[PDB]
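Asks: Take this structure, written in structure tokens, and hold onto it; I'll ask about it next.
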Amino acid sequence: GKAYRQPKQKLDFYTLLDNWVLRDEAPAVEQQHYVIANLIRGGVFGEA
Amino acid sequence: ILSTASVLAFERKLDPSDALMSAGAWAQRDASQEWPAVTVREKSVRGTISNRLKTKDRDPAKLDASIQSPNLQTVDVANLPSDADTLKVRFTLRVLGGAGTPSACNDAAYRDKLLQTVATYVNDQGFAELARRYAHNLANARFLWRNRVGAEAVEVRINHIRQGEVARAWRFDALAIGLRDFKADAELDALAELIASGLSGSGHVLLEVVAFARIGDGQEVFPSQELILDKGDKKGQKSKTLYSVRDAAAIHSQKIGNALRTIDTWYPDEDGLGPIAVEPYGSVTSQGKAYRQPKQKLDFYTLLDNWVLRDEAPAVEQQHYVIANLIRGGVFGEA
Amino acid sequence: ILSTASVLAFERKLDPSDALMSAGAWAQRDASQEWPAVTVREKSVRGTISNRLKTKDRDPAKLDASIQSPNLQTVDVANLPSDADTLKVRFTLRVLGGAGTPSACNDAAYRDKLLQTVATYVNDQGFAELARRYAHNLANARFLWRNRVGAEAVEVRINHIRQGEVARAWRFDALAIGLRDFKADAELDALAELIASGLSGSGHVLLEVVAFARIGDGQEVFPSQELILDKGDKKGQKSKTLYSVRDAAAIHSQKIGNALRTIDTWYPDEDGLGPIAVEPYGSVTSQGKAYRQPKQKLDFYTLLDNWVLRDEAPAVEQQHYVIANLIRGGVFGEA
Amino acid sequence: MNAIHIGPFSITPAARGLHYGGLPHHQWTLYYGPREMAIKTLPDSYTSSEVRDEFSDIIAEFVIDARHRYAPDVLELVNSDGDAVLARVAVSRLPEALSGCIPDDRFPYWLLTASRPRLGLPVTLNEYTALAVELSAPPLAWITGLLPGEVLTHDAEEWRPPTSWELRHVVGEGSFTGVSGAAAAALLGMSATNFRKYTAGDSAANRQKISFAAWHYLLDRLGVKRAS
Amino acid sequence: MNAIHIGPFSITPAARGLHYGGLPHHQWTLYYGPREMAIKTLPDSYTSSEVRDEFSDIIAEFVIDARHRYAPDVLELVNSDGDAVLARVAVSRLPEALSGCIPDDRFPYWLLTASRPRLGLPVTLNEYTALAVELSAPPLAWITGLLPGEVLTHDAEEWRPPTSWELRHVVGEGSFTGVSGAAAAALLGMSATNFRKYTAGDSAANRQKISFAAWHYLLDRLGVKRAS
């Protein structure tokens with residue numbers, strides 16, 4: 001019932017993906033592993 | 001002054017039937033006439049928060065409260081049985097002809113001019129490039145929309161049903177004939193002349209098209225998805241509903257027709273995507289954008305108005321696009 | 001002076017029934033009494049905008065916004081099953097006499113003069129050409145409006161029902177008998193004589209007309225389409241509802257009567273376009289123009305006023321048109 | 001009795017008459033264009049005003065429907081997070097540069113579309129003013145939904161002159177813009193009678209057609225099209 | 001030779017010819033209507049392009065002075081500090097709610113004039129969007145300073161049709177809008193000869209006065225006046 005990778009800590013998928021793509025701030029290598037694993041799992045990312 | 005007709009409705013050529021989904025095994029596809037149909041069953045899904053939060057749900061306590069209330073739904077699901085890996089899709093396609101003649105036309109003289117324009121097109125080049133590209137979309141299983149993105153091997157069999165019997169049989173490989181290249185093949189050319197004789201008006205063409213896809217044993221097959229009325233409780237929400245005709249999953253006919261329509265390569269954008277569906281203003285739903293904008297003067301209406309009203313005949317690729325829209329049909333003209 | 005009568009209501013002759021459709025197979029048309037009916041199912045359509053823009057929506061971003069929010073509708077669709085290629089369309093026709101007698105009138109002098117004019121018409125040339133053309137339009141399946149434009153083979157069976165049993169059966173190849181030329185055949189002449197005896201009041205004519213059309217396996221069949229109330233949301237709009245009576249898709253009787261009435265080949269415009277419906281001011285709503293305009297002296301009302309009030313008898317073809325308008329009925333007369 | 005011309009609507013009674021109960025009546029029909037609307041039997045004793053106000057409900061309904069049917073699009077000027085909407089502008093035509101977009105922390109201001117598929121563009125405040133200046137919707141732009149594309153084009157070769165009905169949408173009487181014939185004449189700079197030749201139809205006498213420039217300047221003054 | 005007409009400018013020679021140096025010369029005169037600006041002695045061997053290029057510097061200087069003399073006022077949208085100019089909009093007229101204003105922290109956004117005793121109001125982004133939509137100047141607004149007031153007024157009775165000089169300010173040749181007669185006839189939807197009747201003056205035959213709506217729509221389309 002507790003969310004790790006809170007958006008306050010800026011370690012969630014959306015903040016890391018936006019920093020990677022728009023601002024070209026490539027995160028830590030494990031974090032881009034996590035981001036691409038989120039892309040592997042799929043989603044309805046974008047505005048909702 | 002030969003203005004455009006206000007009512008220019010066209011009937012569609014290449015009418016596809018509803019594509020029935022069944023389930024079976026590979027190498028038994030030569031006797032797939034008894035195969036049990038894919039049944040739209042139901043399964044329960046429990047979900048946590050996976051969407052973008054609008055800066056107010058991003059608080060830890062509010063997010064954790066949203067986690068502790070998961071969104072439970074029931075989803076219509078279409079899966080093969082555990083002993084079945086092959087998905088069979090069967091539909092009939094009827095090629096009519098008379099694509100020049102509108103169903104409704106206010107202006108006689110405009111009807112005569114449009115008929116003369118289509119006649120001078122066919123006298124220049126008949127229904128041969130369009131029928132070749134439509135036959136290519138027949139040969140590859142583009143009508144298997146998401147049942148081909150992970151399929152190991154796809155096969156398409158097309159039969160010419162003349163008097164209720166097979167007049168000519170064709171077997172293809174839907175993975176060798178890709179979704180990008182309009183190449184040349186002898187069986188593909190023979191199917192192209194059959195669709196050509198159907199589209200010109202030489203004869204009656206009915207094609208029975210059967211598709212087999214190596215998805216996997218028990219894997220999820222993807223039929224067309226219906227529209228949800230959203231009236232019940234939030235627990236049994238029924239977020240997703242699939243399309244079935246008689247206890248048997250199926251793809252919508254207009255989805256099959258759109259996938260056969262995917263032959264338009266002459267849009268002014270680059271060939272990075274490949275062929276798109278022949279729509280007025282070249283629309284693609286997945287990309288969310290319109291190739292052949294009216295601003296770049298390559299939409300169907302500007303090309304047709306230049307071709308018919310003021311005799312400014314476009315390039316032969318744009319002529320193919322205009323005649324492919326006439327085959328596709330629509331409510332053209334001012335409402 | 002014989003002024004024009006105020007009310008001139010005429011009862012419709014050649015009354016058809018609502019033509020029910022069912023599904024089946026070719027060469028099983030003899031045992032077609034137990035064929036399962038065509039059901040009107042519902043399916044979901046998602047579409048992009050393909051009509052002409054109003055030049056306010058030629059903005060590229062408006063077009064991409066229309067694609068990103070595509071229109072969703074539910075449509076009533078009528079299809080055959082995947083094992084059925086033949087569509088069976090059944091109705092009954094009641095040919096009645098007393099064509100010249102109006103149901104309502106406001107002048108005994110006008111009623112007597114109209115009855116006398118129809119009487120001398122029948123004495124010089126009775127319902128022979130009109131019944132020949134009505135038998136032609138029964139022979140070709142023009143009541144199969146869009147169920148004949150792609151049909152491979154159409155057969156029409158017309159049975160004369162006397163005392164609950166068949167008196168004479170006529171079988172017609174509806175594709176050999178075209179929609180253009182009014183030729184002569186022995187079975188067509190026998191049916192013409194039967195409809196002549198029905199229209200003359202010398203007998204009772206009831207016909208069972210059954211049409212078998214090779215639409216194809218699982219193909220879309222086209223019944224009559226109903227009103228759209230549009231009382232809901234734009235997602236579940238229910239943009240198309242078809243005509244059914246008791247879970248059985250059917251064509252409206254006025255559509256069958258319109259198909260039977262398409263005998264007019266004597267309008268002031270060119271008759272190479274094809275026959276149109278006998279109806280005052282000779283209209284076809286698809287082409288949007290009115291043949292036999294009131295400014296020309298060839299519409300029904302001016303020809304009727306010349307034929308009755310001042311006894312200027314028109315040409316025999318135009319008087320056939322006037323008597324065919326009297327047969328088809330209508331609320332004639334001014335207000 | 002006879003048809004009442006209110007807006008583009010014509011309340012046309014039937015020529016035939018009936019006597020429901022002990023009173024005479026008439027089938028009155030509301031026509032929007034060549035299309036009928038709501039039809040009600042009005043007793044002959046009813047006054048023309050009664051007829052009009054009686055159908056006024058249907059009339060108002062149609063007007064409301066039209067407004068909603070052609071409500072202009074609305075772009076939102078939002079911050080970097082994108083959740084808070086600082087500004088909303090009713091656009092006439094969407095800009096030609098926006099795409100699938102969501103506000104990014106990088107840019108302070110972002111323009112987005114009101115629909116779910118938020119297509120937009122990151123702009124500063126001066127570019128926001130420039131876009132709002134060139135693409136604002138006039139207050140009565142919804143009437144452009146009721147007019148065809150030929151009478152609203154800015155190109156003279158594709159321009160078609162308005163008919164009596166299309167002009168009669170927005171000139172006088174209970175119109176959608178609510179102005180009168182004398183007011184519409186004073187907007188166009190001429191007297192009432194010369195505009196009355198434009199408004200009145202029927203025969204070719206006193207049926208001079210309004211010019212392209214006069215029609216577009218009239219649309220500018222009424223706040224229907226081109227009035228930014 | 002003959003006069004060179006560059007918009008409202010007329011380069012007319014003296015009929016007398018002098019012989020400065022050994023070569024013959026003519027005294028060429030540049031007028032903006034009735035006012036002369038440059039009288040220069042030029043050879044008779046000069047072509048029309050060289051006579052144009054001799055006065056082109058004074059023509060461009062007068063154009064620059066007219067741009068900097070009849071420039072529209074500028075409204076600055078600033079934050080609560082009142083120093084960082086967030087937005088700038090050139091307006092044809094100021095809002096009537098403007099009074100002597102210094103920004104505070106009581107309101108986040110303020111609108112001010114570019115003049116030294118700044119006039120402004122506390123504005124929101126929606127209200128500033130509405131004011132910018134209503135009151136923004138068109139780009140070529142300075143030509144309205146080179147036109148009389150009676151040809152720009154919106155009331156019918158106080159309006160005089162423009163002359164050929166005031167039409168040649170904006171329509172043809174070296175006009176300040178930069179368009180030609182064919183382009184300005186295409187914006188108004190009239191024929192080339194019909195608009196050439198408007199541009200050419202001289203006798204009353206084949207010369208008509210432009211109407212109210214056509215002149216006002218032409219100034220709207222050219223971006224000179226009433227073009228937000």
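Scheme for the structure tokens: letters A, B, ... for chains in order shown; per-chain residue numbers from 1; ligand numbers from 1 in order shown.
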Contacts between chain E and chain D, please, where a residue of chain D counts if it comes within 8 Å (with only C-alpha atoms); show its shortest atom pair and distance in Å to one decimal, rows by chain and ascending number, as CSV.
Replies:
residue,atom,partner,partner_atom,distance
D:86,CA,E:125,CA,6.7
D:87,CA,E:126,CA,5.2
D:88,CA,E:126,CA,6.3
D:89,CA,E:129,CA,7.3
D:125,CA,E:87,CA,5.4
D:126,CA,E:87,CA,4.7
D:129,CA,E:129,CA,6.7
D:132,CA,E:133,CA,6.4
D:133,CA,E:133,CA,5.0
D:134,CA,E:228,CA,6.5
D:136,CA,E:133,CA,6.8
D:154,CA,E:187,CA,7.9
D:155,CA,E:189,CA,7.6
D:156,CA,E:189,CA,5.0
D:186,CA,E:156,CA,6.6
D:187,CA,E:155,CA,7.7
D:188,CA,E:213,CA,5.6
D:189,CA,E:156,CA,4.4
D:190,CA,E:156,CA,6.7
D:212,CA,E:189,CA,5.9
D:213,CA,E:214,CA,5.2
D:214,CA,E:213,CA,5.0
D:216,CA,E:217,CA,7.3
D:217,CA,E:217,CA,5.5
D:218,CA,E:213,CA,7.8
D:227,CA,E:228,CA,7.6
D:228,CA,E:228,CA,5.2
Asks: Produce the least-squares-superposed copy of chain E, fitted on chain D over all in-order C-alpha pairs, as a CSV table (one decimal) with C-alpha atoms, in the first residue's frame.
Replies:
chain,number,residue,atom,x,y,z
E,1,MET,CA,-53.5,33.4,-42.4
E,2,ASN,CA,-50.0,34.3,-43.6
E,3,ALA,CA,-46.5,33.1,-42.9
E,4,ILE,CA,-44.6,34.3,-39.9
E,5,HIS,CA,-40.9,34.9,-40.8
E,6,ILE,CA,-38.5,34.8,-37.8
E,7,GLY,CA,-35.1,35.1,-39.3
E,8,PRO,CA,-34.5,31.9,-41.4
E,9,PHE,CA,-37.6,30.4,-39.8
E,10,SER,CA,-41.0,30.3,-41.6
E,11,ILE,CA,-44.2,29.5,-39.8
E,12,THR,CA,-46.6,28.7,-42.7
E,13,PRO,CA,-50.1,27.3,-42.2
E,14,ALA,CA,-51.9,24.6,-44.1
E,15,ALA,CA,-54.5,26.1,-46.4
E,16,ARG,CA,-57.0,23.5,-45.1
E,17,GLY,CA,-58.7,24.2,-41.8
E,18,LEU,CA,-59.9,21.6,-39.4
E,19,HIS,CA,-62.4,21.8,-36.6
E,20,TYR,CA,-60.8,20.1,-33.6
E,21,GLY,CA,-63.1,20.3,-30.7
E,22,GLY,CA,-65.8,22.7,-31.8
E,23,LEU,CA,-63.6,25.7,-32.7
E,24,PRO,CA,-61.9,25.9,-36.1
E,25,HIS,CA,-58.2,25.0,-36.2
E,26,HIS,CA,-55.3,25.2,-38.7
E,27,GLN,CA,-52.2,23.0,-38.9
E,28,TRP,CA,-49.2,25.4,-38.6
E,29,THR,CA,-45.9,24.2,-39.9
E,30,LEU,CA,-42.4,25.5,-38.8
E,31,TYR,CA,-39.6,25.3,-41.3
E,32,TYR,CA,-35.9,26.1,-41.2
E,33,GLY,CA,-35.6,26.4,-44.9
E,34,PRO,CA,-36.6,23.1,-46.5
E,35,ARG,CA,-36.6,21.1,-43.2
E,36,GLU,CA,-39.6,21.2,-41.0
E,37,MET,CA,-39.2,20.8,-37.3
E,38,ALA,CA,-42.6,21.2,-35.7
E,39,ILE,CA,-46.1,20.7,-37.1
E,40,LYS,CA,-48.7,21.9,-34.6
E,41,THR,CA,-52.5,22.3,-34.7
E,42,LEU,CA,-53.4,25.8,-33.5
E,43,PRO,CA,-56.7,27.7,-33.3
E,44,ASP,CA,-57.7,30.3,-35.9
E,45,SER,CA,-58.5,32.6,-33.0
E,46,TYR,CA,-54.7,32.7,-32.2
E,47,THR,CA,-52.9,35.9,-32.9
E,48,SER,CA,-49.5,36.0,-34.6
E,49,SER,CA,-47.8,36.5,-31.2
E,50,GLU,CA,-49.4,33.3,-29.8
E,51,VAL,CA,-48.4,31.3,-32.9
E,52,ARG,CA,-44.9,32.6,-32.4
E,53,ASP,CA,-44.9,31.7,-28.7
E,54,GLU,CA,-46.1,28.2,-29.5
E,55,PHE,CA,-43.0,27.5,-31.6
E,56,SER,CA,-40.6,29.7,-29.5
E,57,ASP,CA,-39.5,26.8,-27.3
E,58,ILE,CA,-38.5,24.6,-30.3
E,59,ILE,CA,-36.9,27.8,-31.9
E,60,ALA,CA,-34.8,28.4,-28.7
E,61,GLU,CA,-33.9,24.7,-28.5
E,62,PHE,CA,-32.7,24.7,-32.1
E,63,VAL,CA,-30.7,27.9,-31.3
E,64,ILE,CA,-29.1,26.2,-28.3
E,65,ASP,CA,-28.3,23.1,-30.3
E,66,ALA,CA,-26.7,25.3,-33.1
E,67,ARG,CA,-24.7,27.2,-30.5
E,68,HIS,CA,-23.5,23.9,-28.9
E,69,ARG,CA,-23.0,22.3,-32.3
E,70,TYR,CA,-20.9,24.9,-34.1
E,71,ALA,CA,-19.1,26.4,-31.1
E,72,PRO,CA,-15.5,27.4,-31.8
E,73,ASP,CA,-12.6,25.5,-30.3
E,74,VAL,CA,-11.0,26.8,-27.0
E,75,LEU,CA,-7.3,27.2,-26.4
E,76,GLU,CA,-6.2,27.1,-22.8
E,77,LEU,CA,-3.0,28.8,-21.7
E,78,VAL,CA,-1.6,26.9,-18.7
E,79,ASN,CA,1.5,27.2,-16.5
E,80,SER,CA,4.4,24.7,-16.3
E,81,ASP,CA,2.2,22.3,-14.2
E,82,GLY,CA,-0.4,22.1,-17.0
E,83,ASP,CA,-3.4,21.9,-14.6
E,84,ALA,CA,-4.3,25.5,-13.6
E,85,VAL,CA,-5.8,27.1,-16.7
E,86,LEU,CA,-4.4,30.6,-16.6
E,87,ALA,CA,-6.2,31.8,-19.7
E,88,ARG,CA,-8.9,30.7,-22.1
E,89,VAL,CA,-9.5,32.0,-25.7
E,90,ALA,CA,-12.1,30.9,-28.2
E,91,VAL,CA,-10.3,30.6,-31.6
E,92,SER,CA,-11.7,30.4,-35.1
E,93,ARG,CA,-8.8,28.2,-36.1
E,94,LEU,CA,-5.9,26.6,-34.2
E,95,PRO,CA,-2.3,27.4,-34.8
E,96,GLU,CA,-0.5,25.3,-37.4
E,97,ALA,CA,2.4,24.6,-35.0
E,98,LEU,CA,0.0,22.6,-32.8
E,99,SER,CA,1.1,19.0,-32.0
E,100,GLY,CA,0.4,16.5,-29.3
E,101,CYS,CA,1.6,18.2,-26.1
E,102,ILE,CA,1.9,17.8,-22.4
E,103,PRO,CA,3.4,20.7,-20.4
E,104,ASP,CA,6.7,20.3,-18.6
E,105,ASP,CA,9.0,22.5,-16.5
E,106,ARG,CA,11.2,23.3,-19.5
E,107,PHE,CA,8.9,26.2,-20.5
E,108,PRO,CA,6.9,28.3,-18.0
E,109,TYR,CA,3.7,28.8,-20.2
E,110,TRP,CA,2.1,26.3,-22.5
E,111,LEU,CA,-0.8,26.5,-25.0
E,112,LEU,CA,-3.2,23.5,-25.3
E,113,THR,CA,-6.5,22.6,-26.9
E,114,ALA,CA,-9.6,21.9,-24.9
E,115,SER,CA,-10.0,18.5,-26.7
E,116,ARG,CA,-9.1,15.3,-24.8
E,117,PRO,CA,-5.9,14.5,-26.8
E,118,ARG,CA,-4.7,18.0,-26.2
E,119,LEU,CA,-2.6,19.7,-28.9
E,120,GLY,CA,-0.4,22.6,-28.0
E,121,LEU,CA,3.0,24.4,-28.1
E,122,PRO,CA,5.4,26.0,-25.7
E,123,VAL,CA,4.4,29.6,-25.9
E,124,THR,CA,5.5,32.9,-24.4
E,125,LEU,CA,3.1,35.7,-23.5
E,126,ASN,CA,4.1,37.8,-26.5
E,127,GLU,CA,3.7,34.8,-28.8
E,128,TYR,CA,0.4,33.8,-27.2
E,129,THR,CA,-0.8,37.4,-27.5
E,130,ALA,CA,0.1,37.3,-31.2
E,131,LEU,CA,-1.7,34.0,-31.7
E,132,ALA,CA,-4.8,35.2,-29.8
E,133,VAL,CA,-4.8,38.4,-32.0
E,134,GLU,CA,-4.5,36.4,-35.2
E,135,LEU,CA,-6.8,33.5,-34.6
E,136,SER,CA,-9.5,34.5,-32.1
E,137,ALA,CA,-13.1,33.6,-32.9
E,138,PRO,CA,-15.8,36.4,-33.0
E,139,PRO,CA,-18.6,36.0,-30.4
E,140,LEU,CA,-21.4,35.0,-32.9
E,141,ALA,CA,-19.2,32.5,-34.8
E,142,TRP,CA,-21.6,29.6,-34.6
E,143,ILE,CA,-23.8,31.2,-37.3
E,144,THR,CA,-21.0,30.3,-39.7
E,145,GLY,CA,-21.9,26.7,-39.1
E,146,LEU,CA,-25.4,27.6,-40.3
E,147,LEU,CA,-24.1,29.1,-43.5
E,148,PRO,CA,-22.6,27.3,-46.5
E,149,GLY,CA,-18.9,27.3,-47.1
E,150,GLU,CA,-19.1,29.0,-50.5
E,151,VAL,CA,-20.4,32.3,-49.0
E,152,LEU,CA,-17.6,32.5,-46.3
E,153,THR,CA,-14.6,31.8,-48.5
E,154,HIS,CA,-12.1,34.6,-49.1
E,155,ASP,CA,-11.2,33.8,-52.7
E,156,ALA,CA,-13.1,35.5,-55.5
E,157,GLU,CA,-13.6,32.7,-58.0
E,158,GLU,CA,-14.9,30.1,-55.4
E,159,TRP,CA,-17.4,32.6,-53.9
E,160,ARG,CA,-21.2,32.6,-54.4
E,161,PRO,CA,-23.3,35.5,-53.2
E,162,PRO,CA,-25.7,34.5,-50.4
E,163,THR,CA,-29.4,34.0,-51.0
E,164,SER,CA,-32.2,35.7,-49.1
E,165,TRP,CA,-32.3,32.8,-46.7
E,166,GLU,CA,-28.6,33.0,-45.8
E,167,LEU,CA,-28.9,36.8,-45.6
E,168,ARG,CA,-31.9,36.4,-43.3
E,169,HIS,CA,-29.7,34.2,-41.1
E,170,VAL,CA,-27.8,37.3,-39.9
E,171,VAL,CA,-29.6,40.5,-41.0
E,172,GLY,CA,-33.3,40.9,-40.2
E,173,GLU,CA,-36.4,40.0,-38.1
E,174,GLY,CA,-35.5,37.1,-35.7
E,175,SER,CA,-32.0,36.6,-37.1
E,176,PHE,CA,-29.4,34.9,-35.0
E,177,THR,CA,-27.3,38.0,-34.8
E,178,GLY,CA,-30.2,39.8,-33.2
E,179,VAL,CA,-29.8,43.0,-35.3
E,180,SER,CA,-32.5,44.5,-37.6
E,181,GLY,CA,-32.3,45.5,-41.3
E,182,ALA,CA,-31.7,49.1,-40.4
E,183,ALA,CA,-28.8,48.4,-38.0
E,184,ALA,CA,-27.1,46.0,-40.5
E,185,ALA,CA,-27.6,48.7,-43.2
E,186,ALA,CA,-26.0,51.2,-40.9
E,187,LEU,CA,-23.0,48.9,-40.4
E,188,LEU,CA,-22.6,48.6,-44.2
E,189,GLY,CA,-23.1,52.3,-44.9
E,190,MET,CA,-26.0,51.7,-47.4
E,191,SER,CA,-29.5,53.0,-47.4
E,192,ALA,CA,-32.5,51.2,-45.9
E,193,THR,CA,-34.2,50.7,-49.2
E,194,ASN,CA,-30.9,49.6,-50.9
E,195,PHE,CA,-30.3,46.9,-48.3
E,196,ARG,CA,-34.0,46.0,-48.4
E,197,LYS,CA,-33.4,45.3,-52.0
E,198,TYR,CA,-30.7,42.8,-50.9
E,199,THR,CA,-32.9,41.2,-48.2
E,200,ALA,CA,-36.1,40.8,-50.2
E,201,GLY,CA,-35.9,38.1,-52.9
E,202,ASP,CA,-38.8,36.8,-55.0
E,203,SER,CA,-38.4,38.2,-58.6
E,204,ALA,CA,-35.1,39.6,-60.0
E,205,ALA,CA,-36.6,43.1,-60.2
E,206,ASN,CA,-35.7,45.2,-57.1
E,207,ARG,CA,-33.5,42.3,-55.9
E,208,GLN,CA,-29.7,42.4,-56.3
E,209,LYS,CA,-26.9,40.2,-55.1
E,210,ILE,CA,-24.6,41.6,-52.4
E,211,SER,CA,-21.0,42.0,-53.4
E,212,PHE,CA,-17.9,40.2,-52.0
E,213,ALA,CA,-16.6,43.1,-49.9
E,214,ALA,CA,-20.0,44.2,-48.5
E,215,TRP,CA,-20.9,40.7,-47.4
E,216,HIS,CA,-17.5,40.1,-45.9
E,217,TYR,CA,-17.5,43.4,-44.1
E,218,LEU,CA,-21.0,42.7,-42.9
E,219,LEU,CA,-19.9,39.4,-41.4
E,220,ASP,CA,-16.9,41.2,-39.9
E,221,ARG,CA,-19.1,44.0,-38.3
E,222,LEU,CA,-21.8,41.6,-37.0
E,223,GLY,CA,-19.2,39.5,-35.2
E,224,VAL,CA,-19.9,36.4,-37.2
E,225,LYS,CA,-16.6,35.7,-39.1
E,226,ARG,CA,-13.2,37.4,-39.5
E,227,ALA,CA,-13.7,39.6,-36.4
E,228,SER,CA,-10.8,39.3,-34.0
Asks: Taking only residues of chain B that have an atom at most 8 Å from an atom of chain D, what is each one's shortest atom pair and its distance in Å to one decimal, using only C-alpha atoms, in chain and number order, as a tab-separated table?
Replies:
residue	atom	partner	partner_atom	distance
B:54	CA	D:83	CA	5.3
B:55	CA	D:83	CA	6.5
B:334	CA	D:148	CA	7.6
B:335	CA	D:148	CA	7.9
Asks: Could you pull out the alpha helix (DSSP H) residues of region 4-160 of chain E from DSSP and send them as a PyMOL selection string?
Replies: chain E and resi 48-69+125-135
Asks: Considering only C-alpha atoms, give me a table of residues in chain C that are at most 6 Å from chain B, with the closest atom pair and distance in Å for each, as CSV.
Replies:
residue,atom,partner,partner_atom,distance
C:44,CA,B:226,CA,5.3
C:50,CA,B:280,CA,5.1
C:51,CA,B:332,CA,5.6
C:64,CA,B:289,CA,4.9
C:67,CA,B:288,CA,5.7
C:68,CA,B:288,CA,5.2
C:150,CA,B:96,CA,5.4
C:218,CA,B:17,CA,5.6
C:219,CA,B:17,CA,4.9
C:286,CA,B:104,CA,4.6
C:287,CA,B:105,CA,4.9
C:288,CA,B:106,CA,5.0
